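J.: Structure incoming, see below.
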Amino acid sequence: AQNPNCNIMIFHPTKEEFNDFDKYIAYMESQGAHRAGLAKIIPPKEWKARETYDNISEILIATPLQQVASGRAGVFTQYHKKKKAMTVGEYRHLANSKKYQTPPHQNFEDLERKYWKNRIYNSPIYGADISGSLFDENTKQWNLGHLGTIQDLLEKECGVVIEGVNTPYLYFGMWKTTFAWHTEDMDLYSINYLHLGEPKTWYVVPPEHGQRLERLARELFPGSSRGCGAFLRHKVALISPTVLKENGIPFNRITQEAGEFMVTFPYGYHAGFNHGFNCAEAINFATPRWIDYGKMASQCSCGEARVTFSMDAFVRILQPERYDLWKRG
Ligand SMILES: [NH3+]NC(=O)[C@H](NC(=O)c1ccc(Br)cc1)c1nn[nH]n1
Ligand SMILES: [Cl-]
Ligand code: NI
Ligand SMILES: [Zn+2]
């Protein structure tokens, strides 16, 4: 068994190995990468996502989100307060202001300690799920706007044409902006490229242990769990690494820097925070190995979750028994 301890693996593909995206995902899994739930991919030195980032200030963040926290420092929920629209240039200046700028710190570990100590006492502003791409059209390798779509994958595997598209999203972050514990919609894969700016720290639970995190979440957020059998689909719950270790939950952590890809694997729970102003791009994707995960993926039928993008057709084909219930909610 490859990677039996479920460590996060880091890959350094050559420019030749960087041509065939599907092949390299398969290669990483042959080495046991998926057992961690998260892998880092450092692109070859010959590669660039685009020429510069000098001309992105005019992008519009139509609905910036202020992340207000409730709870204790290591166990808390956050809700998203909608703010007036602002451009990326305005957002960058806001992130670097005294109220929101990264504090002095000596290393990633020091900043991590500051994050979990002080996160709940602030409310950073986040730009998320903005349809778009910053990859140059001339970038042919690992361009997140040019992967095979999930709709085509299901057709190839199961023989069924379905409606729907599969396009990338942009994220604008600042210090303490937070993504709560979650798996992807339908427990899909995701791939995230950090285009620009300060790092993002990730936490991840191995897919083979995801149910352990679910059980701890039910214990730590008991009202939330009574309201929905899959409330982590709401993407509002945070649990610190200290509390995870206290409860024996298997997990790993890693910091992603500009110019690095991260891939999350099916049913790999992950959470994290941004260190300062940055810009990332991400999209979900599927492989033949995902189909079995899609069939078994939990759903939220209580109304809250909504979604990154339409799962209707995936639920309809892969989970026909659930379709009606999930539909009504
Ligand atoms: N799969 N998504 C991610 O892992 C994560 N975004 C979220 O979890 C998220 C939560 C609530 C809302 Br609303 C919108 C998005 C991310 N990726 N790069 N930056 N953040
Ligand atoms: Cl701080
Ligand atoms: Ni995610
Ligand atoms: Zn729900």
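Each position is counted from 1, following the chain as shown.
Looks like X-ray crystallography, 1.5 Å, at least that's what the header says.
Keep in mind that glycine also has a Cβ here, set from the backbone N, Cα and C atoms.
Residues or ranges marked as domain 'JmjN' in Swiss-Prot (evidence: sequence analysis): 8-50. Positions annotated as polyADP-ribosyl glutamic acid by Swiss-Prot, on the basis of experimental evidence: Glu16, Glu17. Per Swiss-Prot, the feature 2-oxoglutarate binding site maps to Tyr126, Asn192, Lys200, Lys235; the stated evidence is similarity to another entry. The annotation domain 'JmjC' is assigned in Swiss-Prot to 136-302. The Fe cation binding site annotation in Swiss-Prot covers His182, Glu184, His270 and is backed by sequence analysis. Residues or ranges marked as Zn(2+) binding site by Swiss-Prot: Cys228, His234, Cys300, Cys302.
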J.: Name the one residue among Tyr126, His182, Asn192, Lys200 whose Cα is closest in three-dimensional space to that of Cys300 (Zn(2+) binding site); these are the binding-site residues.
T.: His182
J.: Can you figure out which of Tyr126, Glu184, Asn192, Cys228 (the binding-site residues) comes closest in space to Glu16 (polyADP-ribosyl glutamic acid), comparing Cα atoms?
T.: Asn192
J.: Nearest of the recorded positions to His234 (Zn(2+) binding site) by CA-CA distance, picking from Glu17, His182, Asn192, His270?
T.: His182
J.: Count the Cβ atoms, other than its own, that fall within 10 Å of the Cβ of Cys228 (Zn(2+) binding site), considering every protein chain shown.
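T.: For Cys228 (Zn(2+) binding site), the count of other Cβ atoms within 10 Å is 18.
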J.: Within 10 angstroms of the C-beta of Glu16 (polyADP-ribosyl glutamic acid), what count of other C-beta atoms is obtained when all protein chains are considered?
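T.: There are 8 of them.
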J.: So if I measure Cβ to Cβ from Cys302 (Zn(2+) binding site) and keep only same-chain residues at least 6 apart in sequence, which ones fall under 8 Å?
T.: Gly227, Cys228, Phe231, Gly329
J.: Roughly how many angstrom lie between the C-alpha atoms of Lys235 (2-oxoglutarate binding site) and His270 (Fe cation binding site)?
T.: 10
J.: Through the lens of DSSP with three states only, how would you label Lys200 (2-oxoglutarate binding site)?
T.: strand
